[PDB]
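What follows is a short report on a single structure.
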Amino acid sequence: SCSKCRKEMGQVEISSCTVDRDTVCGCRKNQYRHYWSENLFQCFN
């Protein structure tokens, strides 16, 4: 499966899933991340 970005974490799609890379998710330029676990992060203003 390709991954989806977590809207409830405020994530946006950066790059789409290709044959050789999963979906890349991130935040907007003025935000920063908090990692709740290795994989799960949230975007804050």
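Using only Cα atoms, what is the ratio of the radius of gyration of the chain to 2.2 N^0.38 Å?
Taking N as the residue count of the chain, the ratio is 1.15.
For the chain, give me every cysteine whose Cβ has no other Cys Cβ within less than 4.7 Å, ordered by residue number.
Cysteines lacking a close Cβ partner in the chain: none.
Per-residue HN-Hα couplings for region 29-41, Karplus 6.51 cos²θ - 1.76 cosθ + 1.60 at θ = phi - 60°, whole Hz, x for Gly and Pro?
With the stated coefficients, region 29-41 comes to 4, 7, 9, 10, 9, 10, 8, 8, 7, 3, 9, 8, 10 Hz.
Take every Cα pair under 8 Å in the chain that's 6+ residues apart, average their separations, divide by the length, and report that relative contact order as a whole percent.
Reported relative contact order: 32 percent.
What net charge do the residues around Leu40 carry, taking every other residue with its C-beta under 11 Å from that of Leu40, with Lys and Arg at +1 and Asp and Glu at -1?
0
Read-outs throughout are calculated quantities, based only on the coordinates presented, and are distinct from any laboratory measurement. No Cβ is skipped: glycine too gets one built from the backbone with ideal geometry, and neighbour counts run over all protein chains shown.
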